[PDB]
Each structure stands twice: as C-alpha cells, then as structure tokens.
Amino acid sequence: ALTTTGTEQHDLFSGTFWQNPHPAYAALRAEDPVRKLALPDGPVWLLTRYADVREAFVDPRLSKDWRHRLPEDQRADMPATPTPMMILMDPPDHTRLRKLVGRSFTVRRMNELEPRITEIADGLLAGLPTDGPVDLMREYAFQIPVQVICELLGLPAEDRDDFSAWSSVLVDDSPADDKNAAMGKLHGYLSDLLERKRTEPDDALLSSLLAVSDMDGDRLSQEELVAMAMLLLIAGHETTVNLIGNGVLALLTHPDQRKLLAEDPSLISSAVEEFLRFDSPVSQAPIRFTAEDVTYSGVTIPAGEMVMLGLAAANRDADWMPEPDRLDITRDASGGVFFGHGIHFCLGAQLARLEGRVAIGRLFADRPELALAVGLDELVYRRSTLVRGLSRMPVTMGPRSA
Ligand code: HEM
Ligand SMILES: C=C1CC[C@H](O)C/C1=C\C=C1/CCC[C@]2(C)[C@@H]([C@H](C)CCCC(C)C)CC[C@@H]12
Ligand SMILES: [Ca+2]
Ligand SMILES: [Ca+2]
Ligand SMILES: [Ca+2]
C-alpha cells in the first residue's frame, strides 16, 4: 500500500489514513506537495500546499472535462460529462448552469430558512434519549441536512431510504460498477419524479427549475435538469453531515474550546469556520484533469492526468495559518479552501454554514453534558477520497438543559 516518502512514513488512503489523515497530509506538504498516488483504479495526483491549492482552483489548465484523459483521436465522439452536472463542466456550460441555479440560492432566501432549520434541529433534539445509545451521525448530523434538502427540492419523505442509499455509494470507495448502478437508479428516480411534478407542481426548487426548463430548454435542458437535481441531492446528503460530525467531535475532544462556546454561544459562527478549516468535511475536491502540462512546487504534472486538490491538507498549512494544528474557535477567519475557490465555489456555502451553526449550537445548548460513548480510537471513519466523515458516532446525550 501507499505511504508518504521522506523522513516520515504514513499510510495514504489505506491503513491508519482513514482514522487520522492529518499527519500524512503534513508529511505530503513538507516533503511531497505534488504527489502521484498509484491507486487501484489508476494514478491520481494530490496537491497539498495552500498556495498551490488555492491557485489551482483558478487555473483553467486544471479542467473538469474528463475527455482530457483521452488522446485527441478519441475525444470527438465522447460526451463532455458522465452526467450533465455543472460541477463536471468548464465554461461556457458551467457559467450558464451556475448563473441559473444561483438565482435560487440568494442571500435573502437561505436565511429565511433559519426558522425551519431550527424547528427541525429542535425536534430531533427533543426526540433523543437521556442515556440509552445514540449514534449522533444517523440520528442527528445526517437528519438535519437531509430533511432540509428534501424540503428545499421537494423530495418525497417516503423515498428517503432509497435515494440516501444511492447517494452514499457515489461518495465512498464503492466499486465503479456499483457507482454506475447507483447513478442509474438516481437518474431514473429523479426523471420519474420530475414527470410527476409536471402534472402536480409544488413551490419547491425542482418544480421551479422544471418550469424554467419547459419555458426555455436552451437555458436548461431536461437532462441538465435531472443532473442538477442529482447534484443538489448528493450535496444535501454527503457534506454538511460531516461539518456537524467533525465539528461536534472537535468540541468533544477539546474541552477548552467547548467551554469558550458554552460561555459565549455567539462564537458559533466563528466556530463553524474553524471546524471547516480544522477537519474539512470535503477532504479532497472532486477530480480535475490536466488539459496541458502544469507545474506546481517545481513538479510538472503531464497533460491527461487526474488531480485532487487537497483541501483538508491545505487548510492546515502553517505557511497560511499560524499554529494550524490548534483548534481555536476565536480566530477571525479568512481565506480557506474548504468550500473551494473560483467558479465552482460551493453553491451551498451559506446553507451549509447555517445548517452547521444551528445543528451544533442548539445541540450543545440543549445537551451541555453530551459526551462520546466510546474511546476516540474506536471511532470508525468512512473510506472516501472525497469526504472526511464518521461512519457512526456513539454518544450519551445527558439531560436536557433547564
Ligand atoms: C460543509 C458542507 C459543504 C462543503 C464542505 C462543500 C464543499 C464544496 C466544494 C469544495 C466545492 C467545490 C468542488 C470543486 O471545485 O471541485 C463545492 C461545490 C458545490 N457545492 Fe458544496 N459543500 C458543502 C455543502 C453543500 C450544500 C448544502 C449544497 C446544496 C446546495 C452544496 C452544493 C454544491 C454545488 C451544486 C457545487 C458545484 C458548484 C459549481 O460547480 O459551480 N454544497 N462544494
Ligand atoms: C459512476 C460514475 C461514472 C464515471 C464518472 O467519472 C464517475 C462516476 C460517478 C461520480 C460522479 C458522477 C456523479 C456526481 C459525483 C458523485 C460528484 C459529487 C456530486 C460530488 C459532491 C460535490 C460536493 C463537493 C458538494 C463528484 C464525482 C461525481
Ligand atoms: Ca426517540
Ligand atoms: Ca407555484
Ligand atoms: Ca505565508
């Protein structure tokens, strides 16, 4: 299996890496900042230094067009995308689709979700037991973003178990065939759902976008519409959940920071920016492809290569953040690559921040005696090149505050 080269040998994407990748990231940054990883499905490069990562995000030679893997002899007949989502596109199609959906994620709109997000969180908290076993992932961290995305999009509650299962397969280490099947089932479900919405619209986002598509199919094609729905659904199941889990865990393992939050609950938004930096939920950005040779930190990646931008790694770069391994919820936050950078910058950044401060803030306010029910070393993490996320989090809630 893979290990870091140089003075320190740490497992990479196997072994100890899943439990705590942060030492490996640091050894990469120090001694191998532009690393080719010989992974089972083919080699993938990894950039870990903050200055390289942030600039790479605005470097058009690092493209989302997967046809760059192919010799020119082979690109003509090939679709731009495995599924026409904007996160898999370059301009101009990316520009058009982002501009369109961005109109529904205005600052005013996301904030008026706060009362509802708070009811959802409060309802979940009221439903949790005082001392029997609780998996805080499945029972709280997962539930908030999923209910919110279902409500925002207009996804039937009764189908949640079906599409959450498809979503999870797509973001972890599942075989390529399993992912292809999951994507197929998700495409079909959402296509059938949109057909029903035509007949009976609602006021939620998928109906609104179906109407846009119906009125102007060059602005949004039917297939682009399904891919958009799929993207928003997956983002609603697999990101914010791990801000909540990782942020909760950070407070559970850092009594000093938990105390500062208890003493000034208004630190929560600064705290959320710090959780995003300290244990980034999207550990590596989804893959980019070199359209031509690129050079970062003295190392040239040839054209036709797959490249991950190491967000969890860059966000602990001491060249950017002093004392990057210290959790300090009081930092006046700026920069950061946890939501990406440039044209693909997280569409849901305001929504994730809101869900995060509500979920984490109300949790610690309601259950100020919350604690882990296992040792730190017994926590099991998901195997994913995309997310840093707990599989389960055994906790004891303790009594409700008075
Ligand atoms: C803490 C939670 C979240 C994190 C850490 C996160 C992270 C990211 C990152 C790093 C990117 C850029 C990927 C790249 O450039 O390759 C991105 C893009 C994106 N995110 Fe978020 N995300 C979160 C929550 C959400 C939510 C709640 C939504 C729901 C709307 C969402 C929707 C999207 C979409 C649609 C894109 C593609 C944007 C584009 O291509 O123009 N994300 N996200
Ligand atoms: C089966 C296949 C077929 C071959 C593709 O190349 C890989 C694949 C699925 C992976 C995909 C396509 C669907 C959307 C995914 C899962 C993206 C996903 C929505 C990322 C979440 C973005 C997050 C940072 C907000 C990233 C990788 C994408
Ligand atoms: Ca209960
Ligand atoms: Ca209407
Ligand atoms: Ca510096």
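Rules of the game
Residues numbered from 1 in each chain as written, not as in the entry; some residues may be left out. Chains lettered and ligands numbered in written order. Heavy atoms only, no water. UniProt positions renumbered as here; feature names shortened; annotations may be inferred. Helix = DSSP H or I, 4+ residues; strand = E, 2+ residues; numbered from the N terminus. Rg over C-alpha atoms; globule rule 2.2 N^0.38 Å. Buried < 20%, exposed > 50% of the residue type's maximum accessible area, 1.4 Å probe, protein only. Pairing = 2+ DSSP bridges.

The deposited coordinates for this entry were obtained by X-ray crystallography, with a reported resolution of 2.05 Å.

Under the PDB entry, the protein has the name Vitamin D hydroxylase and belongs to Pseudonocardia autotrophica. Of the comments in the UniProt record for the protein, the one headed Catalytic activity reads "5beta-cholestane-3alpha,7alpha,12alpha-triol + 6 reduced [adrenodoxin] + 3 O2 + 5 H(+) = (25R)-3alpha,7alpha,12alpha-trihydroxy-5beta-cholestan-26-oate + 6 oxidized [adrenodoxin] + 4 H2O".

A.B. asks: An account of the overall build of the protein is needed here, citing residue identities and associated values.
C.D. replies: Looking only at helices and strands, the protein features 16 helices and 10 strands. Over its C-alpha atoms the protein spans a radius of gyration of 21 Å, differing by no more than 12% from the 21 Å that the globule rule assigns to 402 residues. Here the C-alpha coordinates of the protein stretch approximately 70 × 65 × 35 Å along the principal axes. In the protein, which comprises 402 residues, the proportion classed as buried is 51%.

A.B. asks: Quick rundown of the sheet that holds strand β4 (residues 134-135)? Include the residues and the values.
C.D. replies: The strand order β4-β10-β9 describes an open sheet built from 3 strands, whose pairing is antiparallel. Both outer strands of the open sheet, β4 and β9 (371-372), are each paired with one neighbouring strand and no more. Two strands pair when backbone bridges link them, and β9 and strand β10 (residues 394-396) are joined in this way by 2 bridges, in the antiparallel orientation. Pairing of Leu 372 across the sheet is with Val 395, part of β10.

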